[PDB]
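Next comes final.cif, with mmCIF, C-alpha atoms and all ligand atoms.
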```cif
data_model
#
loop_
_atom_site.group_PDB
_atom_site.id
_atom_site.type_symbol
_atom_site.label_atom_id
_atom_site.label_comp_id
_atom_site.auth_asym_id
_atom_site.auth_seq_id
_atom_site.Cartn_x
_atom_site.Cartn_y
_atom_site.Cartn_z
ATOM 1 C CA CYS A 1 -7.419 49.655 5.774
ATOM 2 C CA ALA A 2 -5.760 47.424 8.391
ATOM 3 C CA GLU A 3 -2.038 47.477 9.191
ATOM 4 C CA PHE A 4 -0.180 44.431 10.492
ATOM 5 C CA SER A 5 3.505 44.086 11.436
ATOM 6 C CA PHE A 6 5.326 41.112 9.996
ATOM 7 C CA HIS A 7 8.203 39.351 11.667
ATOM 8 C CA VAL A 8 11.395 40.415 9.838
ATOM 9 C CA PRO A 9 14.570 38.326 10.221
ATOM 10 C CA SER A 10 17.980 39.160 8.640
ATOM 11 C CA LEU A 11 18.466 38.559 5.110
ATOM 12 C CA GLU A 12 21.228 36.100 6.112
ATOM 13 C CA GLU A 13 18.778 34.150 8.291
ATOM 14 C CA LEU A 14 16.049 33.891 5.650
ATOM 15 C CA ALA A 15 18.542 32.866 2.957
ATOM 16 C CA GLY A 16 19.619 29.880 5.071
ATOM 17 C CA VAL A 17 16.042 28.884 5.922
ATOM 18 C CA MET A 18 14.912 29.049 2.282
ATOM 19 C CA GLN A 19 17.946 27.161 0.921
ATOM 20 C CA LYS A 20 17.427 24.157 3.204
ATOM 21 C CA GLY A 21 13.770 23.960 2.190
ATOM 22 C CA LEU A 22 14.377 24.443 -1.545
ATOM 23 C CA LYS A 23 17.131 21.799 -1.470
ATOM 24 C CA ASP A 24 14.419 19.265 -0.547
ATOM 25 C CA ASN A 25 12.416 20.236 -3.645
ATOM 26 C CA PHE A 26 15.096 21.004 -6.314
ATOM 27 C CA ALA A 27 18.349 19.288 -7.337
ATOM 28 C CA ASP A 28 20.582 22.355 -7.760
ATOM 29 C CA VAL A 29 19.895 25.175 -5.292
ATOM 30 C CA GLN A 30 21.747 28.287 -4.174
ATOM 31 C CA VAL A 31 20.235 30.995 -1.983
ATOM 32 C CA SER A 32 22.394 33.942 -0.914
ATOM 33 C CA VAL A 33 22.245 37.619 0.064
ATOM 34 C CA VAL A 34 23.496 39.715 -2.848
ATOM 35 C CA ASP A 35 23.380 43.254 -4.229
ATOM 36 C CA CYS A 36 20.147 43.652 -6.177
ATOM 37 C CA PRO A 37 20.903 43.720 -9.917
ATOM 38 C CA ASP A 38 19.875 46.762 -11.935
ATOM 39 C CA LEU A 39 16.216 45.935 -12.592
ATOM 40 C CA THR A 40 15.985 48.624 -15.295
ATOM 41 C CA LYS A 41 17.945 46.210 -17.533
ATOM 42 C CA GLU A 42 16.787 43.067 -19.332
ATOM 43 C CA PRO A 43 14.958 40.817 -18.639
ATOM 44 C CA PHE A 44 13.090 42.905 -16.051
ATOM 45 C CA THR A 45 13.143 46.388 -17.601
ATOM 46 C CA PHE A 46 11.337 47.890 -14.587
ATOM 47 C CA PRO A 47 11.057 51.701 -14.164
ATOM 48 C CA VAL A 48 13.329 51.422 -11.090
ATOM 49 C CA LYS A 49 16.700 49.858 -10.290
ATOM 50 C CA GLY A 50 15.719 47.776 -7.245
ATOM 51 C CA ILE A 51 13.131 46.437 -4.781
ATOM 52 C CA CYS A 52 14.625 47.711 -1.479
ATOM 53 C CA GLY A 53 13.365 50.269 1.026
ATOM 54 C CA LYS A 54 10.228 50.385 3.178
ATOM 55 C CA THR A 55 8.989 46.973 1.983
ATOM 56 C CA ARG A 56 5.330 46.152 2.460
ATOM 57 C CA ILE A 57 2.570 43.948 1.036
ATOM 58 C CA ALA A 58 -0.945 45.144 0.190
ATOM 59 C CA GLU A 59 -3.835 42.711 -0.177
ATOM 60 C CA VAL A 60 -6.700 44.562 -1.841
ATOM 61 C CA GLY A 61 -10.209 43.141 -2.318
ATOM 62 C CA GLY A 62 -10.234 39.434 -3.077
ATOM 63 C CA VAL A 63 -11.458 36.521 -5.115
ATOM 64 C CA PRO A 64 -14.859 36.849 -3.335
ATOM 65 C CA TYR A 65 -15.382 40.054 -5.358
ATOM 66 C CA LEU A 66 -15.034 37.970 -8.551
ATOM 67 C CA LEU A 67 -16.904 34.792 -7.476
ATOM 68 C CA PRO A 68 -19.418 33.245 -7.415
ATOM 69 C CA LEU A 69 -20.802 36.353 -9.192
ATOM 70 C CA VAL A 70 -18.757 39.464 -10.020
ATOM 71 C CA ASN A 71 -19.121 42.872 -8.404
ATOM 72 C CA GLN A 72 -17.881 45.108 -11.251
ATOM 73 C CA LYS A 73 -18.065 48.176 -8.959
ATOM 74 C CA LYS A 74 -14.909 46.990 -7.189
ATOM 75 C CA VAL A 75 -12.383 49.196 -8.959
ATOM 76 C CA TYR A 76 -9.050 50.395 -7.515
ATOM 77 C CA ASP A 77 -6.352 52.990 -8.236
ATOM 78 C CA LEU A 78 -2.819 51.753 -7.534
ATOM 79 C CA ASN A 79 -1.469 55.288 -7.174
ATOM 80 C CA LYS A 80 -4.077 55.866 -4.450
ATOM 81 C CA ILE A 81 -3.331 52.477 -2.831
ATOM 82 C CA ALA A 82 0.324 53.582 -2.482
ATOM 83 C CA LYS A 83 -0.798 56.509 -0.347
ATOM 84 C CA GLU A 84 -3.174 54.281 1.650
ATOM 85 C CA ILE A 85 -0.313 51.939 2.578
ATOM 86 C CA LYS A 86 1.748 54.929 3.825
ATOM 87 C CA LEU A 87 4.285 54.903 0.985
ATOM 88 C CA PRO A 88 3.595 57.638 -1.582
ATOM 89 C CA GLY A 89 5.929 57.052 -4.547
ATOM 90 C CA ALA A 90 6.020 53.311 -3.842
ATOM 91 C CA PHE A 91 7.205 51.026 -6.595
ATOM 92 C CA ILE A 92 4.585 48.278 -6.907
ATOM 93 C CA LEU A 93 4.808 44.723 -8.299
ATOM 94 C CA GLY A 94 2.399 41.800 -8.152
ATOM 95 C CA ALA A 95 -0.775 40.181 -9.438
ATOM 96 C CA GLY A 96 -4.416 41.109 -9.928
ATOM 97 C CA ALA A 97 -7.413 41.396 -12.206
ATOM 98 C CA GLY A 98 -7.026 44.010 -14.943
ATOM 99 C CA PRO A 99 -9.142 47.139 -15.197
ATOM 100 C CA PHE A 100 -12.083 46.023 -17.328
ATOM 101 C CA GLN A 101 -13.492 49.537 -16.676
ATOM 102 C CA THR A 102 -10.783 51.016 -18.936
ATOM 103 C CA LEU A 103 -9.869 48.055 -21.175
ATOM 104 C CA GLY A 104 -13.408 46.919 -22.047
ATOM 105 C CA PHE A 105 -12.600 43.271 -21.390
ATOM 106 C CA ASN A 106 -11.382 41.076 -18.514
ATOM 107 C CA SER A 107 -7.694 40.342 -18.177
ATOM 108 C CA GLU A 108 -4.869 39.155 -15.915
ATOM 109 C CA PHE A 109 -2.917 42.164 -14.634
ATOM 110 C CA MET A 110 0.840 42.349 -14.032
ATOM 111 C CA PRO A 111 1.321 45.628 -12.111
ATOM 112 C CA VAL A 112 4.767 47.194 -12.504
ATOM 113 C CA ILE A 113 4.289 50.753 -11.331
ATOM 114 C CA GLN A 114 6.326 53.679 -10.142
ATOM 115 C CA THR A 115 3.506 55.590 -8.445
ATOM 116 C CA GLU A 116 3.491 59.378 -8.170
ATOM 117 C CA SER A 117 5.083 61.337 -5.347
ATOM 118 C CA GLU A 118 6.499 64.851 -4.928
ATOM 119 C CA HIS A 119 9.993 63.602 -5.883
ATOM 120 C CA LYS A 120 8.963 60.774 -8.294
ATOM 121 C CA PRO A 121 7.344 61.077 -11.745
ATOM 122 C CA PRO A 122 4.938 58.164 -12.264
ATOM 123 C CA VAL A 123 5.552 55.360 -14.743
ATOM 124 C CA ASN A 124 3.010 52.619 -15.406
ATOM 125 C CA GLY A 125 5.034 49.721 -16.813
ATOM 126 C CA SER A 126 2.298 47.173 -16.139
ATOM 127 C CA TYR A 127 1.337 44.395 -18.570
ATOM 128 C CA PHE A 128 -2.028 42.703 -19.115
ATOM 129 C CA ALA A 129 -2.954 39.297 -20.586
ATOM 130 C CA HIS A 130 -6.298 38.389 -22.075
ATOM 131 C CA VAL A 131 -7.889 35.638 -24.115
ATOM 132 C CA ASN A 132 -7.440 36.203 -27.852
ATOM 133 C CA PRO A 133 -10.932 36.191 -29.396
ATOM 134 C CA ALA A 134 -9.313 34.942 -32.626
ATOM 135 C CA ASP A 135 -7.734 31.642 -31.544
ATOM 136 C CA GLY A 136 -8.374 31.384 -27.791
ATOM 137 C CA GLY A 137 -4.691 32.073 -27.123
ATOM 138 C CA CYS A 138 -2.862 34.662 -25.041
ATOM 139 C CA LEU A 139 -2.596 38.333 -26.004
ATOM 140 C CA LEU A 140 -0.078 40.237 -23.850
ATOM 141 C CA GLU A 141 -0.064 44.038 -24.031
ATOM 142 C CA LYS A 142 1.659 46.901 -22.249
ATOM 143 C CA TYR A 143 -1.026 48.781 -20.312
ATOM 144 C CA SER A 144 0.424 52.255 -21.074
ATOM 145 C CA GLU A 145 -0.115 51.826 -24.839
ATOM 146 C CA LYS A 146 -3.847 51.275 -24.393
ATOM 147 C CA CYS A 147 -4.580 53.410 -21.308
ATOM 148 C CA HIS A 148 -2.834 56.142 -19.310
ATOM 149 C CA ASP A 149 -4.177 55.661 -15.731
ATOM 150 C CA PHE A 150 -3.350 53.498 -12.593
ATOM 151 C CA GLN A 151 -6.527 51.396 -12.580
ATOM 152 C CA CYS A 152 -7.082 47.768 -11.655
ATOM 153 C CA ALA A 153 -10.110 45.835 -10.313
ATOM 154 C CA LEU A 154 -11.565 43.232 -7.992
ATOM 155 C CA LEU A 155 -8.411 41.977 -6.299
ATOM 156 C CA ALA A 156 -4.708 42.690 -6.103
ATOM 157 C CA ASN A 157 -1.779 41.093 -4.295
ATOM 158 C CA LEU A 158 1.048 43.610 -4.253
ATOM 159 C CA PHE A 159 4.635 43.984 -3.077
ATOM 160 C CA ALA A 160 5.618 47.625 -2.547
ATOM 161 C CA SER A 161 9.010 49.193 -1.842
ATOM 162 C CA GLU A 162 10.969 52.421 -2.439
ATOM 163 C CA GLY A 163 12.478 50.761 -5.530
ATOM 164 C CA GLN A 164 16.048 51.316 -4.311
ATOM 165 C CA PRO A 165 19.250 49.321 -4.851
ATOM 166 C CA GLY A 166 20.525 47.308 -1.876
ATOM 167 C CA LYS A 167 20.720 43.801 -0.452
ATOM 168 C CA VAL A 168 18.216 41.179 -1.619
ATOM 169 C CA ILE A 169 17.860 37.410 -1.352
ATOM 170 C CA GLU A 170 18.927 35.708 -4.597
ATOM 171 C CA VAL A 171 17.413 32.245 -5.198
ATOM 172 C CA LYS A 172 18.768 29.887 -7.853
ATOM 173 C CA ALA A 173 16.724 26.675 -8.176
ATOM 174 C CA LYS A 174 17.209 24.255 -11.080
ATOM 175 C CA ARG A 175 15.679 20.816 -11.774
ATOM 176 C CA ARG A 176 12.561 20.192 -9.640
ATOM 177 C CA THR A 177 12.687 16.862 -7.737
ATOM 178 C CA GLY A 178 9.564 17.223 -5.551
ATOM 179 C CA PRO A 179 5.889 18.119 -6.036
ATOM 180 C CA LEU A 180 5.886 21.774 -4.962
ATOM 181 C CA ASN A 181 5.973 24.691 -7.392
ATOM 182 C CA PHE A 182 8.683 27.321 -6.887
ATOM 183 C CA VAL A 183 6.565 29.736 -4.841
ATOM 184 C CA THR A 184 4.746 27.131 -2.698
ATOM 185 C CA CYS A 185 8.135 25.564 -1.794
ATOM 186 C CA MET A 186 9.439 28.864 -0.459
ATOM 187 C CA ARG A 187 6.211 29.827 1.367
ATOM 188 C CA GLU A 188 5.836 26.405 3.030
ATOM 189 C CA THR A 189 9.503 26.393 4.114
ATOM 190 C CA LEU A 190 9.082 29.782 5.846
ATOM 191 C CA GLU A 191 5.877 28.652 7.653
ATOM 192 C CA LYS A 192 7.443 25.360 8.757
ATOM 193 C CA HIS A 193 10.428 27.221 10.194
ATOM 194 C CA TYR A 194 8.742 30.333 11.703
ATOM 195 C CA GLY A 195 5.206 29.193 12.713
ATOM 196 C CA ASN A 196 3.312 31.869 14.698
ATOM 197 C CA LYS A 197 5.569 34.741 13.478
ATOM 198 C CA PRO A 198 4.210 35.560 9.979
ATOM 199 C CA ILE A 199 6.551 36.329 7.094
ATOM 200 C CA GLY A 200 5.589 38.065 3.891
ATOM 201 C CA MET A 201 7.686 38.052 0.761
ATOM 202 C CA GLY A 202 7.775 39.447 -2.735
ATOM 203 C CA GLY A 203 10.008 40.557 -5.566
ATOM 204 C CA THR A 204 10.538 39.017 -8.985
ATOM 205 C CA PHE A 205 11.829 35.843 -10.616
ATOM 206 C CA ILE A 206 12.700 34.627 -14.095
ATOM 207 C CA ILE A 207 11.769 31.196 -15.311
ATOM 208 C CA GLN A 208 14.878 30.867 -17.500
ATOM 209 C CA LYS A 209 14.184 27.425 -18.950
ATOM 210 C CA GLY A 210 11.170 25.096 -19.023
ATOM 211 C CA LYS A 211 7.401 25.303 -19.448
ATOM 212 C CA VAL A 212 4.567 26.189 -17.054
ATOM 213 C CA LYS A 213 0.842 25.658 -16.554
ATOM 214 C CA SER A 214 -0.874 29.054 -16.450
ATOM 215 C CA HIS A 215 -4.355 30.480 -16.862
ATOM 216 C CA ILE A 216 -6.102 33.588 -18.168
ATOM 217 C CA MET A 217 -9.696 34.618 -17.271
ATOM 218 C CA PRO A 218 -12.201 34.946 -20.161
ATOM 219 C CA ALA A 219 -12.997 38.387 -21.610
ATOM 220 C CA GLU A 220 -16.497 38.434 -20.071
ATOM 221 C CA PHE A 221 -17.732 37.474 -16.615
ATOM 222 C CA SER A 222 -20.055 34.524 -16.031
ATOM 223 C CA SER A 223 -23.847 35.126 -15.876
ATOM 224 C CA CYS A 224 -24.272 32.146 -13.554
ATOM 225 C CA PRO A 225 -22.553 31.754 -10.222
ATOM 226 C CA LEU A 226 -19.269 29.827 -10.202
ATOM 227 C CA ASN A 227 -19.733 27.948 -6.916
ATOM 228 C CA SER A 228 -16.788 25.502 -6.858
ATOM 229 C CA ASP A 229 -13.167 25.196 -7.913
ATOM 230 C CA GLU A 230 -14.253 22.689 -10.587
ATOM 231 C CA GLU A 231 -16.734 25.257 -11.997
ATOM 232 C CA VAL A 232 -14.134 28.030 -11.783
ATOM 233 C CA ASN A 233 -11.484 25.994 -13.614
ATOM 234 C CA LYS A 234 -13.962 25.254 -16.426
ATOM 235 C CA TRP A 235 -14.558 29.001 -16.910
ATOM 236 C CA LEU A 236 -10.837 29.896 -16.843
ATOM 237 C CA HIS A 237 -8.634 29.301 -19.895
ATOM 238 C CA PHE A 238 -5.537 27.148 -19.259
ATOM 239 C CA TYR A 239 -2.240 27.185 -21.195
ATOM 240 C CA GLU A 240 1.236 25.760 -21.365
ATOM 241 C CA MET A 241 3.648 28.681 -21.782
ATOM 242 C CA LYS A 242 7.413 28.723 -22.314
ATOM 243 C CA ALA A 243 10.542 30.369 -20.905
ATOM 244 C CA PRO A 244 11.774 33.041 -20.542
ATOM 245 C CA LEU A 245 9.030 34.455 -18.280
ATOM 246 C CA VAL A 246 9.268 37.366 -15.811
ATOM 247 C CA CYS A 247 7.224 36.528 -12.711
ATOM 248 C CA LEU A 248 5.858 38.701 -9.908
ATOM 249 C CA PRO A 249 4.994 36.667 -6.784
ATOM 250 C CA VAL A 250 3.497 37.682 -3.476
ATOM 251 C CA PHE A 251 3.376 35.090 -0.703
ATOM 252 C CA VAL A 252 2.717 34.903 3.038
ATOM 253 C CA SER A 253 3.741 31.999 5.289
ATOM 254 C CA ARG A 254 0.765 32.169 7.674
ATOM 255 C CA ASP A 255 -2.479 34.195 7.579
ATOM 256 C CA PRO A 256 -2.681 35.959 10.964
ATOM 257 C CA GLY A 257 -6.386 36.594 10.270
ATOM 258 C CA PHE A 258 -6.965 38.955 7.318
ATOM 259 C CA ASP A 259 -8.497 36.566 4.746
ATOM 260 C CA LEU A 260 -5.292 36.520 2.702
ATOM 261 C CA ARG A 261 -4.326 34.983 -0.582
ATOM 262 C CA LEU A 262 -1.256 33.068 0.600
ATOM 263 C CA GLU A 263 0.332 32.647 -2.880
ATOM 264 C CA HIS A 264 -0.248 34.645 -6.059
ATOM 265 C CA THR A 265 2.065 34.915 -9.056
ATOM 266 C CA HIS A 266 1.496 36.595 -12.424
ATOM 267 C CA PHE A 267 4.013 36.852 -15.266
ATOM 268 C CA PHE A 268 4.855 38.534 -18.572
ATOM 269 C CA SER A 269 7.468 38.036 -21.279
ATOM 270 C CA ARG A 270 8.969 39.529 -24.417
ATOM 271 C CA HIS A 271 7.383 36.790 -26.543
ATOM 272 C CA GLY A 272 3.635 37.463 -26.066
ATOM 273 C CA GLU A 273 2.937 35.114 -23.125
ATOM 274 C CA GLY A 274 1.601 36.000 -19.698
ATOM 275 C CA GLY A 275 -1.000 35.254 -17.044
ATOM 276 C CA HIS A 276 -1.456 33.442 -13.745
ATOM 277 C CA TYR A 277 1.230 30.896 -12.750
ATOM 278 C CA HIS A 278 0.245 27.396 -11.521
ATOM 279 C CA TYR A 279 3.443 25.316 -11.704
ATOM 280 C CA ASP A 280 6.126 24.163 -14.125
ATOM 281 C CA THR A 281 5.407 21.222 -16.401
ATOM 282 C CA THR A 282 9.063 20.292 -17.104
ATOM 283 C CA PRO A 283 10.583 19.566 -13.683
ATOM 284 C CA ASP A 284 13.893 18.024 -14.830
ATOM 285 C CA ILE A 285 14.911 21.108 -16.907
ATOM 286 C CA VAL A 286 13.117 24.018 -15.215
ATOM 287 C CA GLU A 287 15.405 26.850 -14.030
ATOM 288 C CA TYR A 288 14.279 29.638 -11.655
ATOM 289 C CA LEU A 289 16.258 32.766 -10.742
ATOM 290 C CA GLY A 290 14.650 34.997 -8.088
ATOM 291 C CA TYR A 291 15.240 38.260 -6.203
ATOM 292 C CA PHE A 292 13.185 38.587 -3.036
ATOM 293 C CA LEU A 293 12.763 40.607 0.149
ATOM 294 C CA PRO A 294 10.670 40.208 3.275
ATOM 295 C CA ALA A 295 7.852 42.702 3.888
ATOM 296 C CA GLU A 296 7.906 44.836 7.082
ATOM 297 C CA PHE A 297 4.128 45.462 6.964
ATOM 298 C CA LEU A 298 0.895 44.003 5.626
ATOM 299 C CA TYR A 299 -1.913 46.354 4.614
ATOM 300 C CA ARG A 300 -5.383 44.908 4.115
ATOM 301 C CA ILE A 301 -7.596 47.082 1.920
ATOM 302 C CA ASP A 302 -11.332 46.505 1.278
ATOM 303 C CA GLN A 303 -11.430 42.995 2.753
ATOM 304 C CA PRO A 304 -14.629 41.217 1.695
ATOM 305 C CA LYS A 305 -17.303 41.047 4.413
ATOM 306 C CA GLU A 306 -18.724 38.044 2.540
ATOM 307 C CA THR A 307 -15.966 35.517 1.908
ATOM 308 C CA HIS A 308 -15.339 31.881 0.923
ATOM 309 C CA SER A 309 -12.401 29.671 -0.082
ATOM 310 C CA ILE A 310 -13.278 29.084 -3.746
ATOM 311 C CA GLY A 311 -11.015 29.990 -6.649
ATOM 312 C CA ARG A 312 -7.731 30.638 -4.821
ATOM 313 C CA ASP A 313 -5.378 28.427 -6.863
HETATM 314 ZN ZN ZN B 401 -4.052 35.429 -10.637
#
```
Starting from the file, lay out its structure as structure tokens.
Ligand SMILES: [Zn+2]
Amino acid sequence: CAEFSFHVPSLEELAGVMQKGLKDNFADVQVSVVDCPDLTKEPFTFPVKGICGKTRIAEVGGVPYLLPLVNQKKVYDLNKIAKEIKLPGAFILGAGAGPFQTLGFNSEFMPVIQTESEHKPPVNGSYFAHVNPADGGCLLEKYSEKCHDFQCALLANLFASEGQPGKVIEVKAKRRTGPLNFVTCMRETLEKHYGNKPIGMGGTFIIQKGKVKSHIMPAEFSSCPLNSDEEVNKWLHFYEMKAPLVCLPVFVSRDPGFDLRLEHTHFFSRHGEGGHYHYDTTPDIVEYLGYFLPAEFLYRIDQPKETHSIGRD
């Protein structure tokens, strides 16, 4: 496990940098520093009220453990990861592959977890999405119904905090007028402004209106190696899904040298739709509402020794 210290501006500073960027991409933008809303309420319904306190990102494993051929031995425990990143009782959000070792099929994982500590009873509020073997569509389930553990597999991009109320950056962006998705626009704005001083960010956003391109991985792994993005995209199942969607992004402006996934966003909803976010497909009507914080630290766990740049969209 490697630790890296991010650059951490004010709140006020980031807000102003992100607004100017987003204004180039979207017609109606507002970014401001606000009190975090109570995230135990709808539409989030997290096990904790906020995303503040001891913020950090964990990048665990990677796409090179999935592709070209899968190493199914690469299994992880998110409760244990919390201790590894020096925050027992961390509240964890983000995106990863689901635990096939408990579920019995592949899936997209939406970790939403109050991990265990001496003062915090654990709650696994995670969701998982997998390809319906009936009609090829999306089946979204709450992990705790099917399994009672903290497992995931292969790769995870996570934003961890103490889950406390406090100040966060609120982003309102409506009507896309440029080619970037919501997350890419933010990440690329931060990199353009800050350069050599890396910034990491996470939290949650709602797609309130519009549709998106997403994907879900098939229930079983390929026998043959998936050696290119074209081959990977043929194996993956793609969808158009509709608002409202609750999204969990993790993004980093510049990789200081840890073989990072720079952008990764998974989502769930109350209407049976979830998976891996690509972009919105209705730019004139799309509405995003986000709550974000910068990360103080990056932790790199089980970085692949053998790597490549395939399959990172
Ligand atoms: Zn994904």
Compile a residue-level contact table for chain A against ligand ZN 401 (chain B) at a cut-off of 7 Å, reporting for every qualifying residue the shortest atom pair and its distance in Å to one decimal, with all atoms listed in the file counted, rows ordered by chain and ascending number, as a Markdown table.
```
| residue | atom | partner | partner_atom | distance |
| --- | --- | --- | --- | --- |
| A:95 | CA | B:ZN401 | ZN | 5.9 |
| A:96 | CA | B:ZN401 | ZN | 5.7 |
| A:108 | CA | B:ZN401 | ZN | 6.5 |
| A:264 | CA | B:ZN401 | ZN | 6.0 |
| A:265 | CA | B:ZN401 | ZN | 6.3 |
| A:266 | CA | B:ZN401 | ZN | 5.9 |
| A:276 | CA | B:ZN401 | ZN | 4.5 |
```
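The nearest approach to residue A:176 among the residues A:4, A:198, A:38, A:22, with all atoms listed in the file taken into account, belongs to A:22.
The interatomic distance for the pair atom CA of residue A:75 and atom CA of residue A:152 works out to 6.1 Å.
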Could you expand the PyMOL selection byres (((chain A and resi 251-254) around 6) and not hetatm) into the explicit residues it covers here, written as a list in words? residues 187, 190, 191, 198, 199, 200, 201, 250, 255, 262 and 263 of chain A
Pick from A:260, A:248, A:81, A:113: nearest to residue A:203, with only C-alpha atoms counted? A:248
Write out as an NGL selection string the residues lying within 10 Å of stretch 223-235 of chain A, counting only C-alpha atoms and excluding same-chain residues fewer than 6 positions away. :A and (66-70 or 215-217 or 308-313)
Report the distance between atom CA of residue A:12 and atom CA of residue A:55 in Å, rounded to one decimal place. 16.9 Å
Carefully work through the PyMOL selection byres (((chain A and resi 291) around 7) and not hetatm) for this structure and note down the residues it includes, as a short mmCIF file (atom, residue, chain, number, x, y, z; two decimals) with C-alpha atoms, keeping the file's coordinate frame.
```cif
data_model
loop_
_atom_site.label_atom_id
_atom_site.label_comp_id
_atom_site.auth_asym_id
_atom_site.auth_seq_id
_atom_site.Cartn_x
_atom_site.Cartn_y
_atom_site.Cartn_z
CA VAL A 168 18.22 41.18 -1.62
CA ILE A 169 17.86 37.41 -1.35
CA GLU A 170 18.93 35.71 -4.60
CA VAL A 171 17.41 32.24 -5.20
CA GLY A 203 10.01 40.56 -5.57
CA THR A 204 10.54 39.02 -8.98
CA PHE A 205 11.83 35.84 -10.62
CA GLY A 290 14.65 35.00 -8.09
CA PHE A 292 13.18 38.59 -3.04
#
```
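For the residues A:30, A:281, A:177, A:161, ranking by smallest atom-to-atom distance to residue A:17 using only C-alpha atoms places A:30 first.
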Let me make sure I understand: among A:142, A:56, A:148, A:80, which one has the smallest atom-to-atom distance to residue A:272 if we use all atoms listed in the file? A:142
Find the residue from A:104, A:165, A:274, A:210 that sits nearest to residue A:49; use all atoms listed in the file when measuring. A:165
List, as a VMD selection string, every residue that the PyMOL selection byres (((chain A and resi 76) around 7) and not hetatm) selects in the file provided. chain A and resid 74 to 75 77 to 78 151 to 153
Put those residues in a file: C-alpha atoms, as a PDB file, keeping the file's coordinate frame.
```pdb
ATOM      1  CA  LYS A  74     -14.909  46.990  -7.189  1.00  0.00           C
ATOM      2  CA  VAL A  75     -12.383  49.196  -8.959  1.00  0.00           C
ATOM      3  CA  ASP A  77      -6.352  52.990  -8.236  1.00  0.00           C
ATOM      4  CA  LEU A  78      -2.819  51.753  -7.534  1.00  0.00           C
ATOM      5  CA  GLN A 151      -6.527  51.396 -12.580  1.00  0.00           C
ATOM      6  CA  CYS A 152      -7.082  47.768 -11.655  1.00  0.00           C
ATOM      7  CA  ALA A 153     -10.110  45.835 -10.313  1.00  0.00           C
TER       8      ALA A 153
END
```
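Going from atom CA of residue A:297 to atom CA of residue A:88 covers 14.9 Å.
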(1.4, 44.2, -10.4) in this file's frame - what residues fall within 9 Å of it? Use only C-alpha atoms and give the answer as a PyMOL selection string. chain A and resi 92-96+109-113+126-127+156-159+248+266
Output requested as a PDB file, keeping the file's coordinate frame - stretch 279-289 of chain A, filled out with N, CA, C and O atoms.
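Writing the result to part30.pdb gives the following:
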```pdb
ATOM      1  N   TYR A 279       2.229  26.063 -12.010  1.00  0.00           N
ATOM      2  CA  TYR A 279       3.443  25.316 -11.704  1.00  0.00           C
ATOM      3  C   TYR A 279       4.183  25.048 -13.003  1.00  0.00           C
ATOM      4  O   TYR A 279       3.646  25.332 -14.080  1.00  0.00           O
ATOM      5  N   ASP A 280       5.401  24.508 -12.913  1.00  0.00           N
ATOM      6  CA  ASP A 280       6.126  24.163 -14.125  1.00  0.00           C
ATOM      7  C   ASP A 280       5.739  22.762 -14.548  1.00  0.00           C
ATOM      8  O   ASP A 280       5.384  21.924 -13.712  1.00  0.00           O
ATOM      9  N   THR A 281       5.804  22.511 -15.849  1.00  0.00           N
ATOM     10  CA  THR A 281       5.407  21.222 -16.401  1.00  0.00           C
ATOM     11  C   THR A 281       6.602  20.432 -16.937  1.00  0.00           C
ATOM     12  O   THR A 281       6.420  19.412 -17.598  1.00  0.00           O
ATOM     13  N   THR A 282       7.814  20.897 -16.627  1.00  0.00           N
ATOM     14  CA  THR A 282       9.063  20.292 -17.104  1.00  0.00           C
ATOM     15  C   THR A 282      10.082  20.276 -15.959  1.00  0.00           C
ATOM     16  O   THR A 282      11.075  21.015 -15.993  1.00  0.00           O
ATOM     17  N   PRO A 283       9.844  19.429 -14.944  1.00  0.00           N
ATOM     18  CA  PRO A 283      10.583  19.566 -13.683  1.00  0.00           C
ATOM     19  C   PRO A 283      12.089  19.298 -13.802  1.00  0.00           C
ATOM     20  O   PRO A 283      12.881  19.931 -13.104  1.00  0.00           O
ATOM     21  N   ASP A 284      12.477  18.383 -14.683  1.00  0.00           N
ATOM     22  CA  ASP A 284      13.893  18.024 -14.830  1.00  0.00           C
ATOM     23  C   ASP A 284      14.756  19.134 -15.449  1.00  0.00           C
ATOM     24  O   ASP A 284      15.958  19.174 -15.198  1.00  0.00           O
ATOM     25  N   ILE A 285      14.152  20.039 -16.224  1.00  0.00           N
ATOM     26  CA  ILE A 285      14.911  21.108 -16.907  1.00  0.00           C
ATOM     27  C   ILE A 285      14.563  22.533 -16.473  1.00  0.00           C
ATOM     28  O   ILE A 285      15.208  23.487 -16.911  1.00  0.00           O
ATOM     29  N   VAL A 286      13.540  22.687 -15.637  1.00  0.00           N
ATOM     30  CA  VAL A 286      13.117  24.018 -15.215  1.00  0.00           C
ATOM     31  C   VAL A 286      14.245  24.727 -14.452  1.00  0.00           C
ATOM     32  O   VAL A 286      14.942  24.106 -13.652  1.00  0.00           O
ATOM     33  N   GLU A 287      14.418  26.023 -14.720  1.00  0.00           N
ATOM     34  CA  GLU A 287      15.405  26.850 -14.030  1.00  0.00           C
ATOM     35  C   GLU A 287      14.752  28.149 -13.555  1.00  0.00           C
ATOM     36  O   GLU A 287      14.167  28.874 -14.353  1.00  0.00           O
ATOM     37  N   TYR A 288      14.827  28.409 -12.253  1.00  0.00           N
ATOM     38  CA  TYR A 288      14.279  29.638 -11.655  1.00  0.00           C
ATOM     39  C   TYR A 288      15.417  30.485 -11.131  1.00  0.00           C
ATOM     40  O   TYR A 288      16.353  29.951 -10.548  1.00  0.00           O
ATOM     41  N   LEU A 289      15.328  31.803 -11.334  1.00  0.00           N
ATOM     42  CA  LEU A 289      16.258  32.766 -10.742  1.00  0.00           C
ATOM     43  C   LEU A 289      15.447  33.912 -10.142  1.00  0.00           C
ATOM     44  O   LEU A 289      14.811  34.666 -10.880  1.00  0.00           O
TER      45      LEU A 289
END
```
